[PDB]
Structures are given as structure tokens and as C-alpha cells.
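Input: a single structure, listed below in C-alpha cells.
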Amino acid sequence: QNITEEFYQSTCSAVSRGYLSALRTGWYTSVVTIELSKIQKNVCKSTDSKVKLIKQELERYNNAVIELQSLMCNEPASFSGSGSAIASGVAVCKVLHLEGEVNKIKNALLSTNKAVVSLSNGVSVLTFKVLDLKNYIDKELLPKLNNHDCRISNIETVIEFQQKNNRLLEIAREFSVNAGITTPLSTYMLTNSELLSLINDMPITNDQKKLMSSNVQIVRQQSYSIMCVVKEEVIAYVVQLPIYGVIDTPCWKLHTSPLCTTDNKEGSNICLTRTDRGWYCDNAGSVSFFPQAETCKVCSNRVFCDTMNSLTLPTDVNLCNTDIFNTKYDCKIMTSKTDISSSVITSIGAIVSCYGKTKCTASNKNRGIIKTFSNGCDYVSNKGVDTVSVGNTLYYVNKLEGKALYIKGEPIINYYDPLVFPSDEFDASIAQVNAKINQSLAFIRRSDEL
Amino acid sequence: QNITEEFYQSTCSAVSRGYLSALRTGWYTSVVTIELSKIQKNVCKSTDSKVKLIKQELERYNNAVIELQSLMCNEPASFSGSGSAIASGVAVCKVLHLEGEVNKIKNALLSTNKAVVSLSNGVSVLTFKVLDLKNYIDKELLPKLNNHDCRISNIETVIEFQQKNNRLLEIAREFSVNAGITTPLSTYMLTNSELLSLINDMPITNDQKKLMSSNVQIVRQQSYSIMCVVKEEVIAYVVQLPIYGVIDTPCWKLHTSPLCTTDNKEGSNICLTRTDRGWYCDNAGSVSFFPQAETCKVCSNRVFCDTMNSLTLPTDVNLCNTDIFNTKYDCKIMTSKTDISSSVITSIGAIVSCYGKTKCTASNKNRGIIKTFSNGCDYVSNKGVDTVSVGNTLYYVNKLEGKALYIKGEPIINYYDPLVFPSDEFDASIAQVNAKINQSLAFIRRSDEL
Amino acid sequence: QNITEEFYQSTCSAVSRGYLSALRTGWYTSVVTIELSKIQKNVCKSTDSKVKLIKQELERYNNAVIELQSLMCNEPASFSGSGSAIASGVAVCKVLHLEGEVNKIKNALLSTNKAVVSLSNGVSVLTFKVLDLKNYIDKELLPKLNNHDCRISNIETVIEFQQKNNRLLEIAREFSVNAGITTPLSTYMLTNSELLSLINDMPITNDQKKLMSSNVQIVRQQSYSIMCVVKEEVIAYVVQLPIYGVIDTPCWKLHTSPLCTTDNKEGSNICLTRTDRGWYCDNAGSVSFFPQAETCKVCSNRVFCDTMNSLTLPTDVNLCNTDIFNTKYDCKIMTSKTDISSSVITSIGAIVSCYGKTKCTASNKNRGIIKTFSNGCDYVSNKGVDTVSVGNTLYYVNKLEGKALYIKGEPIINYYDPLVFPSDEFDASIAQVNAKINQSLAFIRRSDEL
Ligand SMILES: *[C@@H]1O[C@H](CO)[C@@H](O)[C@H](O)[C@H]1NC(C)=O
Ligand SMILES: *[C@@H]1O[C@H](CO)[C@@H](O)[C@H](O)[C@H]1NC(C)=O
Ligand SMILES: *[C@@H]1O[C@H](CO)[C@@H](O)[C@H](O)[C@H]1NC(C)=O
């Protein structure tokens, strides 16, 4: 009733079921501002111990401003091809290159720290001001020093200026090594207290807000931070947040391992494996498939993915899990005579493909080995199991507890004849190999009757 | 006259033209030094609030010096195989393991911060001294504390010593997690003010200097920082800068998408796609091709790549863009019966390969959908277009404005017979498939005349 | 007698021998604790320059504690599939979700900073307390401020509190961007002085301790740091250390390059290359093979790898280096008609595959070019050589000095007939291609006798 899993002996593949979706659908674009107090090198050289320390701590304020301005060639019109997810925010970086749009933003920021601004393109973008140093320099630092005859207040304005400017240092220190775009969204670019404020104000239901509130760090993983322009005493940069629109549909992850024969001599055995491994979720009737599991993040029962790196597949694709020889969907597989033992760790278990003189075993935490694996594709539920060894490689099984079901079946590699079996197929399918069988056997059928 | 692009309907491929090259040709090697004032634990235990704070801030000065010395096994003679770009700087890390060469460098640094040094190998390497603490400890910190009866000046020498030593902390904090080699060149290893000083002094023309001056962050992306030795009160480490020698030649990026038929039943259709996708540039007559676009960085009109991860190709390779059936160059393609819809975002447009009941569309910012795609390979210019949907996947098109040209043609997948079409070819070519056609048809031609 | 290498002309492959193993065998799990002094917002608003600075420096102490608590969904039961190396530490993160186990740990930490704790699962895990702020706030910060009528001592308790809390900031600043698991083990999570203390106390021989002591940074590369729970004024997180069990066996790295013919017209030549390239080491009789060299780290004579990303292979696999046509082990190769020039840098040399009008050369540091390469697969020892050019690509050879041996032989690509040669084989073998030859020639043998 929580997290289940079923292993198919016929196909040497396992499916872990019970997960819930949270797919990235849109890009919540937003801009954060930093007020500035641009002053030139009018320094009064009263070389005192309380004056030079502010000279050092403000020269870093100078290196961390002109540096952001040189990063202007990213990205007005570059990034050809991939990485097209930031193009929803690059549309905002291009708006900030327009006169009057910069000024129209500084308006509603000097009175409430946050407000929605109407632009030239008109996109309803929110605005923030996370650090204000124009109001800390032109009111606290400039008047006591510029016209009051070079009067430094004390030493607590040197430590506080260090901590009020430390946030700006570690941002230019981060943007310069990232060509203007950072990911994940580091706490320097947005602390935890500020992010939870922006999520409550997104054009989304109260449901998705609770999700991104208790799962903060996952929102960071799939968020960006682009650098636009620096002009008119304002630092302008855009941060993209994921808009989860496909939520609460079921998900399941497919696990596959090679399935070979053990009734031949050395390399005279034949193998096959199901290709399309990874995460599958329901996305309005059709099935969204995520090949590289590197784009999906798992958090307890939740699965967060980006639909950009996904193949869209029809609902009739679940048939490969049971009846792989169905006429509606043609299931993809690969074939080879390469006979190598291997193991695959799943959600609540492990698949073992043992072939040859390989020492394949599953061991227990306390009493050592508990099951020696014979040759062939086998599976074991993690109940009481902790480690699995295959030759000189040892794996640990995730001790997430769940109900694992074994589905016995005739391994479909036996339904094939080794003579007319394809030597190697990269990404073939059931129909493509039965056609290649009907092709190689087409010569033997119509030539030996002489 | 600025940035153009042309789509070939015959080949289901698009070429974006108008870019300008900037290829990494050489490795400007350089060494940066740090003077040290090695003092032993002769601490006067006058446990005062202004004494223990310097004890803490100098114990970090101790952890961040002995730590760099343990990182000596990288890289005197390791790194077998790949990563051979640092071998121009490792040649300098091996020179610093020689007596007398270390001393000969400390000479011209205590009087001008920078000078060229003749070595034992003799490579004209430049030298820098970005942070001097031997002159800040043995002159400011040591005399007031060691022999003046444990006399701490004040508290401004605790904050300034914090900021004068903070740079050393975040370097050993970075080298220890990077095994002695960091990339990109972080501002900790070299700030913006110091890098722009070294570029003006490189054995290059005034042209490449302006390039690396307005495109600083890109130079960082393709730069390294190796750790050599720590001895004789000196921290020694080498930083490699890219020497761009192939500059201002034209470049173009190739985009490809599957091209299939829609005149058969389910999987009875045939597909083909052009393999060699990516960046191409002119490099002295021949064409330098960059397969993994991850090694190329785009900055407006400029394209920066590393010629180490490039295939060198003859000039007669541009023929695949137009006349793919040319006798001079044999164009590479792959074939498959896999019929999956997909989209490819280009520079100023998007290619759509729509097959089956897939919902393929291009949508507008304001008025929603503007063109439904039929089955087959199609292209759309980004003029007024903003998004493209393929099933459950949505892409954003780069709104870089340019002149896109459509080149209509007969899709070459129709010139093939589905019976004698290769089931799957990984990286074949026109000649290799016409030979395999002339092979499969060789049996049907000389056996049915009975 | 130190580092050797031999190139096989018959196979266009080189083997670098003389390296010594250090394979990751087990996971030394350990937990580090941080005592806390949880106080609520009972701040006395005596807005003084020495009071507000501690308010700022302690509000960061608040953001860096509640932030770690939201990262609780990683990883109680997630991470489906890959990344199963932390499951030895996740077993400890699951123990910390149990009442009484948290309290039983705080015992032996308030008196000796370190002791072994018996748990509910009972795993003998060590414990540490690297930073104590419960004893710095409830004894130094709380009594002077809470009940002594809001009395701030001085300003040296603001700088020291900055440096005593700076370590906690850059950890939550690192865990939040890493979803609770960081790698490599940064010095923030464990400084050099503390790591060398834990290695001396591992259930290992005195040998492996010296290894991980002079090779510290490599131990960091293959170590993790998981985040468990935050409760009862204690920060709990687990760090995994590698247990090297397979040590001091010989290792060798295989290098391969395409081997083609130069006796045909354009693409009428045939090529083949040995597939399984990378690191091989001895692991109890059998041979542990590491395909992706990205999992192996080289440090002088030592080679550190993780046996999780390794194929286990029989001892009879060294035969492919000499007699590739042996009956005991079937050597894997790939074939293609693609005739592209390329070079491969090895340990103490370089392999060059020169084909077509490609300009292939090896150049010297002083006197330029020293050997022009003819068409075919050739090798050169690094004695006096520094660079190798292939078309527009230039490589640097590692100037590690050693004894390179040339083993001349008949290139095995000539023993094949171009008519019945496979157009392309992804990962075939000698037997699989001789069978495909015995298949294509099976028709010509039994059909032309008419
Ligand atoms: C193979 O050919 C037979 C006729 O001999 C036919 O009945 C069968 O359906 C064919 N199979 C495929 C997969 O085309
Ligand atoms: C295929 O064979 C025919 C002869 O029947 C020949 O004219 C043609 O050039 C051949 N094509 C190839 C690609 O070899
Ligand atoms: C190929 O067939 C011949 C018989 O004509 C046999 O002697 C030889 O061993 C076979 N080779 C292979 C690799 O099967």
C-alpha cells in the first residue's frame, strides 16, 4: 500500500511502483535587484587604522562591480543550441538592455522591497531587493567620511561593513567562474528565508506551494540564475524557478539486466536486454519517459524531473513489463553474444545476472552469505539482505522496506535459435529481430530443397 | 549581413552561419609566487583578547600551508593518458622541484612584484607575487609580538590580518578538493584586476589582447591552475592561459534531426540522420570540427573552442550541407526504423521531426499556437515564434533575430526502398549503405531468374 | 625497474606497466557531531554597536540550522538505483531517526571529543565533535547577555564569534546546494588536521594508514558526507571513508588506436580497434578492469580506483596484449571502414594512427619536427620528444621518463579480406567476426560452383 516492486523472470527486468510525480512544466521568471551608491575615487588619504580598513573592504566592493559589467556578453544573443531552458529568463535579460525599463523598476523598490512591475514586453515579473548598500553607504558611510573632514565613526562599522559586503563578494566570485549562469541556485544568490517568500507568491495552487516549501533543496537543484546588465547604480540579474504542473500522477522506474543462455559452449550463448531503462510517469494520457535518470531527483515518495529531457510515449507502452510480445507496441531490446556477469540494484531489491564461473552471491549483515546465485538472471528481495557480490564487485542494497513480488516466467531468450540469432543489435526491437530471423532463415528455407 | 541560417529540407538539417572563430592554439604558462615568513611555535601565552584572536587567525595560516605540501604527489609523474593539456605547465612544476631554480626566482620579486626569469630548462616564464605576507608578518606582526614583550598593537591588525589571510585560506580550501589542479581559474587564484595585467604582456598581437580583455570570463573557462611545490618560504604554483592562434575565420554549427517516411504501416517506415553534428571552423585550409559542443563556448559573435577535442577534416566537407550525394567526400549518416518524434532548437529557429500521432506544434507568446506540424521533418524561423511543443515536451527558441532561409528539397529518405534498407547502422555513410544495398540486392538480382 | 611500457605493432595498442594498486574495498562509516545551544528570540533590544553586530552574526546562526532541518527528505528512503555507495552511511542516517540513539551519543562527547558508541543496530561507529558552540554560547555568550542586563563584553567576542561561526555557515551553504550529500569531502566538513586523526584509528593495518596519510587529497576524492537529522541541540551527519583492501598488486593501463589499411581506394580500406581500454589490476587471481578511467586516480606510482565501477575478468585476459588470436579468451574488437587519423597519448609515449593526406608529426622542444609519420599506426617513445601534431590538433606528451619497448609485428588488419569484412561492428570479437566471415563466405562457397 506504500512502495511495491515486481520482478519479471521472463524478461530479466524489474519495475518499482508506488512513486508520485512532480514534473517541471514552466519557468517562473523573476528579477532581483541591488541598489548601489557609485562614488568615484575621492578618498581622503587620512591613513588611520580605522580608515585603511574601510579602503580595503571597499576596494573589494569595486572589484565586485566592474567584474559583473564585463560579463555582459552572456547572454544577449549567444548559447546556440542546447541549454534552451534559460531562454525564458534570457527574454528578461534582453528587456534590461532597454532604457527606461531599468528606471521603471527602481520605483516600487525604494518603498516596499518587493512589487510586480509592468515592462516594455509587459511580462508580469516580480522584483526583489535582497541587499541594500546605497542606503548603507550614502547614509552611513558617505556623510561621516566625505564632508565631515574624514571622520571614521568606530570599528563596529568595519566589521558590519565586512558582513554587509561579504554577500556581494561571493556572488561576483561565483558569477565570474560560471560565465553568468549558475546552478543550482546557491544560498548566496538566494537564502532560505527569501526563497520561501517567493514561492508563496507564485501563480500556482496552494498545493504546489506546500511541495516547494517542505522540499526546498530540490527546487534549488532545478533552478538557474542569469546575469543581465549593471547600470544606473543597480545590479540586475534573473533567477528562474520551476513551475511544477504535472503533479501527483503515478511513476515507476524500470530496471534491466542482461538475460543469456547457459546451454552452449563458451561464447555460443545468446543474450538480450530491454533497452529503455529509467523513469516513467503519466503526463496527460501519454507516458513521459526520462532516459538519463540524471535529470530526475527522488525525495522520499516524490520524483522531480524536467520534461525537457524526456521522450513522450503512448500509454500502450506498459505492455513491455508483462506481455513483451504484444502486437500493439513494439518493445525495444538489444542483443549480443557478450556473456558477462553483472548486478543491478533496484529500489527494494537487486537483480543478478550470473554467467560463467563468476562468483555471484548475496550476503547478510550478521551471518554472511545467504544465497549463492546459479547461472542465469535472478532476483532477491531486500528483506534481511544487505550486500551482493559479483566477482570482485560488491554492491549495497537500499534498505528501504517494501513488498517485493516475484513473477516467475520462461526466460524469452530460450524461444530463440542460436544459429539465426543476430550477432549484435544496438537498439533493435522484437519486430526488427523477428524480421532479421525471417531474413536469415529466408535463405535456408528456399535453398536447401535441392 | 550579421547572423544567417539555412534549413535543408532534403537532408532534415540546418546550418547556422555568420560566426567568427577563436580557437585555443597554445598554452601561455606562468607561475605566481607567495612570499612566506615561516616561524615556529614560539608563542608567548599572554592569553589576552587581542592575542588569542591572532592565534586563531594564524593557526589557519598553519593549516593552509602544510596542507599544500601534502599535495606534492600531483603531478610530478602521474596523470596517465587524458588531461594532457596541463603538460605544458607540468613541465614547469617539474622545474620547481630543482634546487637553485627556486632561489633564482625569489630574486626579481622582492623589488618589482613581476619579472621574467631564466630557468634551468630556460623557458621564458613570467612571475607574479599577488599576496605578500612575509612583508606583513616579519615587519608588522613579528617585531611587535616576538621581542617587544608580547605587545599586540590594537584590533585593526586583527581585522586586517583576517582579510590579508582570507585569500590564502580559500585557496588551500580549493586545491585540497581539486587534487592540485583547478578549473576554471577562480578569482581567488587570480582576481580580475590581476588577470587583465597578464594578458597585456603575452607574446601575442594587440588583437588577441583586446579579445581576452573584453571577454575575460571565457578566458577563465579554458584556463588551469596547477600546484607544484612549497619550499623555502615560497608557495609555487603554475597557471596556464589559452593562446588563441586561429582567430577570425568563419564558423558554423550543424543541426540535425531524424528524417523518416510516412507511407508505411507502424514500424515499416525507414529513417536516417546526419551524424557529425556540432561546430565547424576553418583552420588553415582544412576544417576543424568539434563533435562535443561542450568544449566550445559562444559569446555573441565569437566562438571559443579547444582544438584538442577536435577532428581535423578536409575542406571538401561542406558538400554534405547541399549535395550530400557527392563523389568527393563520403557523408556520414545513421539509419534506423525507430520512428520517434523530436525537436531540435537551433540558433534562430527550430527543427521539428513529427511522426505518428504525436502532437507537434509551435506557439506564440501572445496568441498561442500558430502552426500545427504535419508528419515529417519541418522547420520554422523564430520571427514572432517563442515556444515549440512536441508531445509532452516544450522547448523555448532563442529569440536572437536573424535572416533564416528555407531551402526546399526532396527528402532523400524517399529515394530508398524499404525492403533492402539497413535495419540499423550506427555510424555508416552514403557509400556504405549503397554498398549494403548492392549486397542485399545482389542476392535477389542473381537468384530469382530460375 | 620502475615504469615501463611496450607497444604492439600487430594490434596498434600499447600497455603501460609498473603501477601499483590501491582499490576501494570497504566504507569506513563515521559520524561527526556539533553541540548546540538552542535559544529562542529573547533578545534584549539594547541597540548598541556591540549588540547589533552579534544580532547579525547570530541570525546567520539561525539560518544555518533551520536550513539543515528542511534537508531531511535526503535520504531516509530515496535514491532509487545508482549511487548505492552511500548506502553504508545511509544505514547510519536511518539509525539517527531513532529516539534514545541520539541521546546515547551525546554521552561520551562532553568529556573527550571522541569515542566509539554502541547503537541500536550496534554498528561500531566512531564519533567526533569538531566544533562546540553550546559551550561557547551558553557559557560565554548567554550569561553576559541574557541575565546580566544586556552586557556585551567587548569587540573581540564579535570577531571570535565570527570565526567560531564561520565554519557552520559554509557547511549549510554547501549542503543546501548538494541535497545533503557532498563529494569530495571538503575541508569545511573535515580539515586536514582532523582527517589524519581518524585514519590512524581505522580497523586497518599500519600499511594502509601510511598510504592515506601521505596521500590525503586522494582519500578526499573518494569520500562522501551525508546529512541525517538535526534534533536535541545536536547536528548529526555521516561521512564515509574508503577502506582500501586490494593493495600493492600490479596494475597496467591499456591504450588503443584505430588500425587501418593503406592499400585501397578512398573508403575501400578496413579498420579495427581493441575495445576494452583502460585500467586493469589484479584482485585475487581474477583481473579487475575499470572501463571509465574517470573512476581511477593516479598518484605517482599509486592507482586508486573504486571497485564498484569495475568489470571482473579472468586472469587469461592478458593474452590480448600479445597473442590476440588465442583459443582460451576471445578478445573484443570493433570494426569500421571509417578512416580518420588520430593520436593517443600514453604514459611515456604516444600512438599515432596516420591515414590519408593527414599531416601527422612529432616535434621537439628545441629543434622542431623530428619524425614525420607515414600512413599507418605508429608509436614513438617520449625520450627527447615533447609534442605531436595530427592535422590541426596538437598534443603534449607526458615527460615522465621510462623505458619504452617497441614490439614489431604484422598488423592484423592485413590478415583480412576487404570484400567479406564487416561494414561496422560496435563491440564484436575475434570469434564473432570470423563467424560473420564464415557466414558471408558461406554463400560464395556454396553457390558459385554452378
Ligand atoms: C515470418 O514469416 C512467416 C511466414 O513463413 C509469417 O507467418 C510470420 O508472420 C513472419 N514473421 C514476421 C515477424 O514477419
Ligand atoms: C551497384 O552496382 C551497380 C551495378 O549493377 C553499379 O552500377 C553501381 O555503381 C553500384 N553502386 C555502388 C554504390 O557500388
Ligand atoms: C570456418 O569454417 C571452416 C570450415 O570451412 C572451419 O575449419 C573454421 O574453423 C571455421 N572458423 C570459425 C571461426 O568458425
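Methodologically, a virtual Cβ is constructed for each residue, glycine included, from the backbone with ideal geometry; neighbour enumeration extends over all protein chains shown. Each answer follows from the model by the rule given with it, or from the source it names; nothing here is a laboratory result.
Summary table
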| quantity | calculated |
| --- | --- |
| Qualifying residues in region C:393-413 (those that are loosely packed, with under 15 Cβ neighbours inside 10 Å and over 30 Å from B:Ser310 (Cβ atoms)) - the one farthest from ligand 2 (Cβ to nearest atom) | C:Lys403 |
| Any hit, region A:25-41, residues being of a type in the set (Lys, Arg) and either free of Cβ contacts under 8 Å to residues at least 12 places away in the same chain or assigned to a loop (DSSP other than H, G, I, E, B) (or both) | yes |
| Residue check for C:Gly18: farther than 29 Å from A:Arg220 by Cα and either of a type in the set (A, V, I, L, M, F, W, C) or more than 10 Å from every other protein chain (Cβ to nearest Cβ) (or both) | yes |
| Close pairs (7 angstrom Cβ cut-off, 6 or more residues apart or separate chains): under 15 Å from A:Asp417 (Cα atoms) in region A:437-450, away from ligand 1 (no atom under 11 Å from the Cβ) anywhere | A:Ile437/A:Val420; A:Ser440/A:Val420; A:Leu441/A:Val420 |
| Sole exception among (1) within 33 Å of the chain's Cα centre (by Cα); (2) surrounded by fewer than 16 Cβ atoms within 10 Å (Cβ to Cβ); (3) more than 30 Å from B:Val390 (Cα to Cα) for A:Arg367, by number | (1) |
| Where A:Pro422 falls short, out of the listed (1) surrounded by fewer than 19 Cβ atoms within 10 Å (Cβ to Cβ); (2) within 38 Å of the chain's Cα centre (by Cα); (3) within 16 Å of ligand 1 (Cβ to nearest atom) | (1) |
| Within region A:306-346, tally of residues that are closer than 25 Å to A:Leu419 by Cα and within 14 Å of chain B (Cβ to nearest Cβ) | 8 |
| Evaluation of B:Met212 against (1) outside any helix (DSSP H, G or I); (2) aliphatic (A, V, I, L, M); (3) in contact (Cβ under 8 Å) with a residue 24 or more places away in the chain (one fails), failing number | (1) |
| Flag for C:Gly356 being out of contact with any strand residue (DSSP E or B) (no Cβ under 9 Å at 6 or more places or on another chain) and either outside the structural domain of C:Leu254 (by TED's automatic domain parsing) or among the small types (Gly, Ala, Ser) (or both) | yes |
| Residue, surrounded by the most Cβ atoms within 10 Å (Cβ to Cβ), within region B:425-450, restricted to residues that are more than 47 Å from the chain's Cα centre (by Cα) and more than 11 Å from ligand 2 (Cβ to nearest atom) | B:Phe443 |
| Condition met for C:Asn375 (under 28 Å from B:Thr315 (Cβ atoms), more than 35 Å from the chain's Cα centre (by Cα) and either within 16 Å of ligand 2 (Cβ to nearest atom) or buried (at least 17 other Cβ atoms within 10 Å of the Cβ) (or both)) | yes |
| Residue among C:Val239, C:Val219 that alone is in contact with a strand residue (DSSP E or B) (Cβ under 7 Å, 6 or more places away or on another chain), within 24 Å of C:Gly83 (Cα to Cα) and part of a helix (DSSP H, G or I) | C:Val219 |
| Single unsatisfied condition, C:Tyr329 versus (1) among the aromatic types (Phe, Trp, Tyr); (2) over 21 Å from C:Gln222 (Cβ atoms); (3) surrounded by 22 or more Cβ atoms within 10 Å (Cβ to Cβ) | (3) |
| Wholly enclosed helices (runs of 4 or more DSSP H) of region A:72-184 bearing at least 1 residues over 30 Å from B:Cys296 (Cβ atoms) and either over 32 Å from the mean Cα position of the chain (by Cα) or at the interface with chain B (Cβ under 10 Å from one of its Cβ atoms) (or both) | A:101-106, A:142-146, A:156-175 |
| Hey, B:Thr249 in a loop (DSSP other than H, G, I, E, B) and either of a type outside the set (A, V, I, L, M) or surrounded by 22 or more Cβ atoms within 10 Å (Cβ to Cβ) (or both) or not | no |
| Every residue from region C:45-62 that is in a loop (DSSP other than H, G, I, E, B) and surrounded by fewer than 13 Cβ atoms within 10 Å (Cβ to Cβ) | C:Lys45, C:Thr47, C:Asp48 |
| A:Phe373 being away from ligand 3 (no atom under 16 Å from the Cβ) and either assigned by TED's automatic domain parsing to the domain that holds A:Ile270 or among the charged types (D, E, K, R) (or both) | yes |
